[PDB]
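File shown here: start-v2.cif, holding mmCIF, C-alpha atoms and all ligand atoms.
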data_start
loop_
_atom_site.label_atom_id
_atom_site.label_comp_id
_atom_site.auth_asym_id
_atom_site.auth_seq_id
_atom_site.Cartn_x
_atom_site.Cartn_y
_atom_site.Cartn_z
CA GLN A 1 23.70 77.53 70.19
CA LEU A 2 26.30 74.83 69.55
CA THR A 3 25.17 71.96 67.31
CA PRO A 4 26.68 68.56 66.37
CA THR A 5 25.97 69.16 62.67
CA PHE A 6 27.94 72.42 62.39
CA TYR A 7 30.43 71.06 59.84
CA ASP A 8 28.23 68.53 58.05
CA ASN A 9 28.27 70.67 54.89
CA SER A 10 31.48 72.70 55.18
CA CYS A 11 33.75 69.86 56.33
CA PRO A 12 31.96 66.49 56.63
CA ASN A 13 35.30 64.68 56.89
CA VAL A 14 36.65 66.63 59.88
CA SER A 15 35.96 63.95 62.50
CA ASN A 16 37.57 61.28 60.32
CA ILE A 17 40.69 63.37 59.71
CA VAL A 18 41.02 63.92 63.46
CA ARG A 19 40.54 60.22 64.15
CA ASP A 20 43.14 59.22 61.56
CA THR A 21 45.69 61.58 63.09
CA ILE A 22 45.21 60.15 66.58
CA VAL A 23 45.36 56.53 65.39
CA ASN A 24 48.67 57.24 63.66
CA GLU A 25 50.12 59.01 66.70
CA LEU A 26 48.99 56.30 69.12
CA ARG A 27 51.38 53.86 67.46
CA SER A 28 54.44 55.79 68.61
CA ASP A 29 52.83 57.40 71.67
CA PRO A 30 50.17 55.33 73.51
CA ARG A 31 49.64 58.20 75.95
CA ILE A 32 48.44 60.74 73.36
CA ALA A 33 44.71 59.99 73.71
CA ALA A 34 44.85 60.78 77.43
CA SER A 35 47.01 63.85 76.77
CA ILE A 36 44.56 65.24 74.22
CA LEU A 37 41.53 64.78 76.46
CA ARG A 38 43.35 66.68 79.17
CA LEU A 39 44.18 69.52 76.78
CA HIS A 40 40.46 69.99 76.09
CA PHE A 41 39.71 70.02 79.84
CA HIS A 42 42.38 72.64 80.50
CA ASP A 43 41.09 74.66 77.56
CA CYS A 44 37.51 74.67 78.76
CA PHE A 45 38.33 75.57 82.37
CA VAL A 46 39.97 78.85 81.29
CA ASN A 47 37.66 81.35 79.58
CA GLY A 48 35.82 78.39 78.11
CA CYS A 49 36.68 76.07 75.27
CA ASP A 50 38.17 78.73 72.97
CA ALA A 51 41.54 77.15 72.18
CA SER A 52 43.19 79.79 74.38
CA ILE A 53 45.51 77.11 75.77
CA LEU A 54 46.97 76.47 72.31
CA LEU A 55 48.37 80.00 71.94
CA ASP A 56 52.11 80.56 72.36
CA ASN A 57 53.80 83.57 74.01
CA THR A 58 53.58 87.11 72.59
CA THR A 59 54.98 90.35 73.99
CA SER A 60 51.47 91.39 75.05
CA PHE A 61 50.26 88.21 76.79
CA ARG A 62 51.83 85.14 78.38
CA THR A 63 51.00 81.62 77.27
CA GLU A 64 48.82 79.40 79.46
CA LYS A 65 51.43 76.72 78.78
CA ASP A 66 53.43 78.22 81.65
CA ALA A 67 50.58 77.88 84.15
CA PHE A 68 51.30 75.70 87.17
CA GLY A 69 48.80 73.14 85.91
CA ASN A 70 50.26 73.09 82.40
CA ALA A 71 54.01 73.67 82.70
CA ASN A 72 56.04 70.48 82.25
CA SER A 73 52.75 68.58 82.21
CA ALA A 74 50.40 69.46 79.34
CA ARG A 75 51.48 67.76 76.11
CA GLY A 76 50.42 66.85 72.58
CA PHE A 77 50.54 70.33 71.06
CA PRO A 78 52.43 69.20 67.92
CA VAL A 79 49.81 66.52 67.29
CA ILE A 80 47.09 69.16 67.39
CA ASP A 81 49.16 71.18 64.89
CA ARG A 82 49.28 68.12 62.64
CA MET A 83 45.53 67.48 62.54
CA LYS A 84 44.85 71.20 62.17
CA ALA A 85 47.09 71.33 59.10
CA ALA A 86 45.40 68.23 57.67
CA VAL A 87 41.97 69.74 58.28
CA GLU A 88 43.03 73.08 56.80
CA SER A 89 44.10 71.21 53.67
CA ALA A 90 40.75 69.44 53.36
CA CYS A 91 38.63 72.43 54.40
CA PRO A 92 40.48 75.79 54.31
CA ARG A 93 39.60 78.33 57.04
CA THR A 94 36.62 76.31 58.25
CA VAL A 95 37.20 74.40 61.49
CA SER A 96 38.17 76.41 64.56
CA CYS A 97 40.96 75.17 66.82
CA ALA A 98 38.48 75.17 69.72
CA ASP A 99 36.19 72.76 67.86
CA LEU A 100 39.14 70.74 66.55
CA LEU A 101 40.34 70.14 70.10
CA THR A 102 36.82 69.21 71.23
CA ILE A 103 36.50 66.62 68.46
CA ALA A 104 40.02 65.39 69.22
CA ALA A 105 39.08 64.85 72.86
CA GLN A 106 35.96 62.86 71.98
CA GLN A 107 37.78 60.79 69.36
CA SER A 108 40.58 60.14 71.87
CA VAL A 109 38.06 58.83 74.40
CA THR A 110 36.40 56.58 71.81
CA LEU A 111 39.72 55.28 70.48
CA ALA A 112 40.69 54.31 74.03
CA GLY A 113 37.54 52.20 74.30
CA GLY A 114 35.17 54.81 75.68
CA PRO A 115 31.72 55.96 74.47
CA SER A 116 31.16 57.32 70.98
CA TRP A 117 29.08 60.44 70.37
CA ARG A 118 28.94 63.58 68.23
CA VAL A 119 30.02 66.67 70.14
CA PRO A 120 28.22 70.01 69.75
CA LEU A 121 30.20 72.31 67.45
CA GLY A 122 30.35 75.95 66.44
CA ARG A 123 32.98 77.25 68.87
CA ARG A 124 35.39 79.95 67.76
CA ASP A 125 38.96 80.83 68.72
CA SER A 126 40.11 83.32 71.35
CA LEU A 127 42.04 86.49 70.57
CA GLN A 128 44.31 86.09 73.59
CA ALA A 129 45.56 83.61 76.21
CA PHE A 130 44.88 83.79 79.96
CA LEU A 131 47.81 82.70 82.14
CA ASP A 132 46.61 84.28 85.38
CA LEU A 133 43.15 82.83 84.84
CA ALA A 134 44.69 79.40 84.22
CA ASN A 135 46.63 79.56 87.49
CA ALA A 136 43.44 80.53 89.30
CA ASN A 137 40.98 78.20 87.58
CA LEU A 138 42.77 74.88 87.05
CA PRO A 139 42.27 72.52 89.99
CA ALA A 140 45.23 70.92 91.76
CA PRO A 141 45.71 67.33 93.01
CA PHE A 142 46.02 68.57 96.59
CA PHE A 143 42.58 70.23 96.55
CA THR A 144 40.08 69.12 99.21
CA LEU A 145 36.67 67.98 97.97
CA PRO A 146 35.13 71.36 98.83
CA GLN A 147 37.90 73.03 96.79
CA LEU A 148 37.36 70.66 93.87
CA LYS A 149 33.65 71.46 93.94
CA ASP A 150 34.47 75.18 94.13
CA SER A 151 36.76 74.93 91.10
CA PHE A 152 34.08 73.26 88.97
CA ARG A 153 31.30 75.60 90.09
CA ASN A 154 33.60 78.55 89.33
CA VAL A 155 33.60 77.68 85.63
CA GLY A 156 29.92 76.80 85.44
CA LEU A 157 29.65 73.11 86.37
CA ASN A 158 27.42 72.99 89.48
CA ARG A 159 26.65 69.27 89.56
CA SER A 160 28.50 66.72 91.62
CA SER A 161 27.88 64.41 88.68
CA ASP A 162 29.97 66.78 86.54
CA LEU A 163 32.86 66.41 88.98
CA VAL A 164 32.60 62.67 89.57
CA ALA A 165 32.02 61.77 85.92
CA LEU A 166 34.71 64.02 84.47
CA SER A 167 37.24 62.85 87.08
CA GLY A 168 36.77 59.55 85.27
CA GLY A 169 39.23 60.97 82.77
CA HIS A 170 41.79 59.48 85.13
CA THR A 171 40.85 56.01 83.92
CA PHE A 172 43.96 56.37 81.75
CA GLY A 173 47.03 58.58 81.37
CA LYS A 174 50.08 59.33 83.54
CA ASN A 175 50.85 61.25 86.74
CA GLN A 176 54.22 62.47 88.05
CA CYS A 177 55.57 61.25 91.38
CA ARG A 178 55.79 64.87 92.53
CA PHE A 179 52.01 65.04 92.94
CA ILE A 180 51.69 62.15 95.38
CA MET A 181 54.88 62.46 97.47
CA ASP A 182 52.92 64.00 100.34
CA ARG A 183 50.37 61.17 100.34
CA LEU A 184 53.19 58.65 100.44
CA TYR A 185 55.43 60.09 103.16
CA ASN A 186 54.12 63.23 104.85
CA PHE A 187 50.48 64.08 104.29
CA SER A 188 49.21 67.39 105.65
CA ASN A 189 52.33 67.76 107.84
CA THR A 190 51.44 64.66 109.84
CA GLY A 191 54.69 62.91 108.98
CA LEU A 192 52.53 59.96 107.97
CA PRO A 193 51.05 58.77 104.67
CA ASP A 194 47.49 59.65 103.65
CA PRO A 195 45.27 57.23 105.64
CA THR A 196 42.80 57.04 102.74
CA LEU A 197 45.43 55.35 100.56
CA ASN A 198 45.28 51.55 100.62
CA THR A 199 48.35 50.32 102.51
CA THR A 200 49.24 47.62 99.98
CA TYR A 201 49.05 50.13 97.12
CA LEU A 202 51.00 52.55 99.32
CA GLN A 203 53.93 50.12 99.25
CA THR A 204 53.75 49.81 95.46
CA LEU A 205 53.66 53.59 94.97
CA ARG A 206 56.54 54.12 97.39
CA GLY A 207 58.56 51.72 95.26
CA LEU A 208 57.78 53.74 92.14
CA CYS A 209 58.26 57.06 93.91
CA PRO A 210 60.96 56.72 96.59
CA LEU A 211 61.64 59.67 98.86
CA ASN A 212 64.23 61.99 97.30
CA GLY A 213 63.75 60.13 94.03
CA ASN A 214 62.95 61.37 90.53
CA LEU A 215 59.87 63.55 91.04
CA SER A 216 59.21 63.61 87.29
CA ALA A 217 58.87 59.82 87.10
CA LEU A 218 55.47 58.80 85.71
CA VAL A 219 52.89 56.50 87.27
CA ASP A 220 49.58 55.22 85.88
CA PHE A 221 46.37 56.86 87.10
CA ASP A 222 44.50 53.56 86.79
CA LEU A 223 46.35 50.50 88.09
CA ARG A 224 43.70 48.20 86.59
CA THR A 225 43.62 49.31 82.93
CA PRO A 226 46.30 52.04 82.44
CA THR A 227 45.41 52.92 78.84
CA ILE A 228 41.81 51.79 78.46
CA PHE A 229 38.92 54.20 78.92
CA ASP A 230 36.58 52.31 81.25
CA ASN A 231 34.93 52.53 84.67
CA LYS A 232 37.79 50.78 86.48
CA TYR A 233 38.81 54.17 87.89
CA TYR A 234 35.81 54.08 90.23
CA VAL A 235 36.40 50.48 91.29
CA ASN A 236 39.85 51.65 92.42
CA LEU A 237 38.36 54.47 94.52
CA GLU A 238 36.10 51.99 96.30
CA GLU A 239 39.23 50.10 97.37
CA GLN A 240 41.06 53.28 98.39
CA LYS A 241 43.28 53.00 95.33
CA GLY A 242 42.69 56.39 93.75
CA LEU A 243 46.14 57.71 92.79
CA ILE A 244 45.98 61.41 93.67
CA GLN A 245 44.30 63.12 96.62
CA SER A 246 41.59 64.65 94.44
CA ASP A 247 40.66 61.18 93.13
CA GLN A 248 40.26 59.46 96.48
CA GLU A 249 38.42 62.37 98.04
CA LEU A 250 35.45 61.67 95.78
CA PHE A 251 34.92 58.55 97.86
CA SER A 252 36.58 59.27 101.21
CA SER A 253 36.10 62.98 101.96
CA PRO A 254 33.95 63.96 104.96
CA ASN A 255 32.11 66.08 102.39
CA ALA A 256 31.53 63.15 100.00
CA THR A 257 27.93 62.37 101.01
CA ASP A 258 26.80 63.38 97.53
CA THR A 259 29.75 61.98 95.56
CA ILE A 260 30.00 58.50 97.10
CA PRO A 261 26.72 57.27 95.55
CA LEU A 262 27.90 58.53 92.16
CA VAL A 263 31.26 56.77 92.49
CA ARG A 264 29.44 53.55 93.37
CA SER A 265 26.95 53.93 90.53
CA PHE A 266 29.74 54.40 87.99
CA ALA A 267 31.78 51.52 89.40
CA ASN A 268 28.74 49.25 89.21
CA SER A 269 27.75 50.04 85.62
CA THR A 270 29.85 50.93 82.60
CA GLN A 271 26.68 52.17 80.91
CA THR A 272 25.82 54.49 83.79
CA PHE A 273 29.36 55.89 83.76
CA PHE A 274 29.58 56.30 79.99
CA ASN A 275 26.21 58.07 79.85
CA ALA A 276 27.22 60.43 82.65
CA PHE A 277 30.62 61.06 81.07
CA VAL A 278 29.10 62.09 77.75
CA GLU A 279 26.58 64.28 79.55
CA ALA A 280 29.29 65.96 81.62
CA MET A 281 31.67 66.25 78.67
CA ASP A 282 29.11 68.12 76.60
CA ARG A 283 28.34 70.37 79.56
CA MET A 284 32.03 71.19 79.96
CA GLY A 285 32.29 71.72 76.22
CA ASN A 286 29.50 74.30 76.48
CA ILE A 287 31.41 76.56 78.88
CA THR A 288 31.37 80.18 77.66
CA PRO A 289 32.05 79.53 73.96
CA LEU A 290 32.68 82.26 71.41
CA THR A 291 30.17 81.74 68.59
CA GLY A 292 28.79 83.34 65.46
CA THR A 293 31.19 86.11 64.45
CA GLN A 294 32.92 86.35 67.84
CA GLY A 295 36.60 85.44 67.77
CA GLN A 296 38.19 83.80 64.74
CA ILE A 297 38.76 80.56 62.91
CA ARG A 298 42.46 80.44 63.75
CA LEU A 299 44.62 79.14 60.87
CA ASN A 300 47.63 78.28 63.05
CA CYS A 301 46.42 77.26 66.52
CA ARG A 302 49.54 78.78 68.08
CA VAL A 303 48.94 82.36 66.94
CA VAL A 304 46.03 84.74 66.45
CA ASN A 305 45.29 85.56 62.81
CA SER A 306 46.80 88.80 61.50
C1 LIG B 401 38.97 67.11 89.30
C2 LIG B 401 40.26 67.77 89.26
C3 LIG B 401 41.37 67.34 88.54
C4 LIG B 401 42.64 67.44 88.99
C5 LIG B 401 43.09 68.06 90.31
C6 LIG B 401 43.50 66.86 88.00
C7 LIG B 401 44.87 66.70 88.15
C8 LIG B 401 45.73 66.05 87.27
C9 LIG B 401 47.13 65.84 87.51
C10 LIG B 401 47.90 66.16 88.79
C11 LIG B 401 47.62 65.18 86.43
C12 LIG B 401 49.06 64.71 86.29
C13 LIG B 401 49.86 65.65 85.40
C14 LIG B 401 51.33 65.26 85.30
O1 LIG B 401 51.79 64.45 86.13
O2 LIG B 401 52.01 65.77 84.39
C15 LIG B 401 46.50 64.96 85.53
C16 LIG B 401 46.53 64.23 84.34
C17 LIG B 401 45.43 63.91 83.54
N1 LIG B 401 44.15 64.38 83.76
FE1 LIG B 401 43.43 65.30 85.39
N2 LIG B 401 42.78 66.40 86.93
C18 LIG B 401 41.47 66.76 87.21
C19 LIG B 401 40.41 66.58 86.31
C20 LIG B 401 40.47 66.02 85.04
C21 LIG B 401 39.39 66.03 84.06
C22 LIG B 401 38.05 66.74 84.26
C23 LIG B 401 39.88 65.40 82.94
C24 LIG B 401 39.27 65.20 81.70
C25 LIG B 401 37.88 64.88 81.51
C26 LIG B 401 41.25 65.03 83.24
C27 LIG B 401 42.09 64.27 82.44
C28 LIG B 401 43.41 63.92 82.69
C29 LIG B 401 44.19 63.03 81.87
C30 LIG B 401 43.66 62.18 80.73
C31 LIG B 401 45.45 63.04 82.38
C32 LIG B 401 46.65 62.30 81.80
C33 LIG B 401 47.31 63.15 80.73
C34 LIG B 401 48.57 62.52 80.17
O3 LIG B 401 48.91 61.39 80.56
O4 LIG B 401 49.21 63.17 79.33
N3 LIG B 401 41.62 65.46 84.50
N4 LIG B 401 45.33 65.48 86.08
CA CA B 402 40.31 78.22 77.13
CA CA B 403 41.16 52.41 82.70
#
Represent the structure from my file as structure tokens, please.
Ligand code: HEM
Ligand SMILES: [Ca+2]
Ligand SMILES: [Ca+2]
Amino acid sequence: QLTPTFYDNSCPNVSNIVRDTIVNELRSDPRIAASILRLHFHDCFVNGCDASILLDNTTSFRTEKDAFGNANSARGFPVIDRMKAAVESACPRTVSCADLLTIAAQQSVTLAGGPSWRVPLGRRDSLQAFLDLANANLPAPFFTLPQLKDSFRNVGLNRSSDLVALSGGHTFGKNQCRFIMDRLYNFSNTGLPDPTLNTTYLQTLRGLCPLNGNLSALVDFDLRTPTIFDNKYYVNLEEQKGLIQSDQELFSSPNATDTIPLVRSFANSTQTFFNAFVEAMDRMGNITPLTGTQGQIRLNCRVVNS
């Protein structure tokens, strides 16, 4: 069983070291908090939160960093290396990379103005990476609501609240033009933009992402508060201003009978959202963890111990 007090004796200063690292990095890179939260999400959705995503290539297995959902998208790996080194210095061979990334995600959320809570700990590090599993398990922005629900249920999160609350991670961070080009100019081969995208916002997005333009250009997930972790993400959905297809579907999909009330509830109350986010975050962080003597306490998050 994972417990929040796992390192209270072996490394009581772990959370503080992680926090300090993120604060320092945020000065030069204001996007790092969002990036780190996403790393934890992509870790947990592939064989569980076992730091498998942090492993680099080996001749026996490919890195998950080359998965379609990670390649030229996932970022912040050096920052994780930095805090790991700092933690290793303070508490040698004690904190697993899986736990380190979980704490980093929570601290990132709190630093961005979100809720503060102690995450369950005790996770251990994987002995391999899973590229094929990452390609199969990570959801895509073009997924329909039924597909989004399928993706979450596939890894163990059955509740619509899990999906709606965790999607709130898009209250900050960036998104490449490539992922919304269809919504802007030719959605589902209709030759027309996605009708669920507010027409005024459509104009703004087309200006940021012109046809035949730089597909790698970045746009903010939350037009209201781009870098602040708050419930504004849901207010946007209510106005048909969700950035990617998977965001807006939570409110506009024909299959959204169960998700619409959740979107409204979170848009109406920061407290309701924050409570649900913490609840969902801990549930995601409890996905098939290696514990006890299973796996290792990786010393270098990029490679398995030898
Ligand atoms: C429900 C399905 C989800 C889909 C399809 C999805 C899709 C995406 C896409 C397309 C990007 C843009 C990547 C890029 O342009 O490089 C992204 C970024 C991001 N996602 Fe999601 N996401 C989902 C769920 C989540 C969840 C559960 C969290 C965390 C709780 C999360 C947190 C983030 C963050 C913070 C970013 C910004 C990262 C950065 O700016 O570096 N996402 N997501
Ligand atoms: Ca993993
Ligand atoms: Ca926000």
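Across A:159, A:123, A:42, A:241, the tightest approach to residue A:64 is made by A:42 when counting all atoms listed in the file.
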I'd like the contact shell of residue A:163 - 12 Å cut-off, all atoms listed in the file, skipping same-chain residues fewer than 2 positions apart - returned as a PyMOL selection string. chain A and resi 41+139+145-153+155-161+165-170+246-247+249-250+256+258-260+262-263+276-277+279-281+283-284
Given 7 Å and all atoms listed in the file, residues near ligand CA 403 (chain B) as a ChimeraX atom specification: /A:171-172,222,224-233
Dump C-alpha atoms for the selected residues as an mmCIF file, in the coordinates of the input?
data_model
loop_
_atom_site.group_PDB
_atom_site.id
_atom_site.type_symbol
_atom_site.label_atom_id
_atom_site.label_comp_id
_atom_site.auth_asym_id
_atom_site.auth_seq_id
_atom_site.Cartn_x
_atom_site.Cartn_y
_atom_site.Cartn_z
ATOM 1 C CA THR A 171 40.850 56.010 83.920
ATOM 2 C CA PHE A 172 43.960 56.370 81.750
ATOM 3 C CA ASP A 222 44.500 53.560 86.790
ATOM 4 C CA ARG A 224 43.700 48.200 86.590
ATOM 5 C CA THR A 225 43.620 49.310 82.930
ATOM 6 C CA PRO A 226 46.300 52.040 82.440
ATOM 7 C CA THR A 227 45.410 52.920 78.840
ATOM 8 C CA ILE A 228 41.810 51.790 78.460
ATOM 9 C CA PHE A 229 38.920 54.200 78.920
ATOM 10 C CA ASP A 230 36.580 52.310 81.250
ATOM 11 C CA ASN A 231 34.930 52.530 84.670
ATOM 12 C CA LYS A 232 37.790 50.780 86.480
ATOM 13 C CA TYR A 233 38.810 54.170 87.890
#
Kindly provide, as a count of residues only, all nucleotide and amino acid residues lying within 9 Å of ligand CA 402 (chain B), counting only C-alpha atoms and all ligand atoms. 23
Enclose the full set of atoms of ligand LIG 401 (chain B) listed in the file within a box whose edges lie along x, y and z, apply 5 Å of padding to each of the six sides, and report centre and edge lengths in Å to one decimal as lines of an AutoDock Vina configuration file.
center_x = 44.9
center_y = 64.7
center_z = 84.8
size_x = 24.1
size_y = 16.7
size_z = 21.0
What is the distance between atom CA of residue A:84 and atom CA of residue A:57, in Å to one decimal? 19.3 Å
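What separates atom CA of residue A:67 from atom CA of residue A:278 is a distance of 27.4 Å.
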Could you please give me, as a PyMOL selection string, the residues of protein, DNA or RNA lying at most 9 Å from (50.8, 58.1, 97.6) in the coordinate frame of the file, considering all atoms listed in the file? chain A and resi 177+179-185+187+193-194+197+201-203+205-206+209+243-245
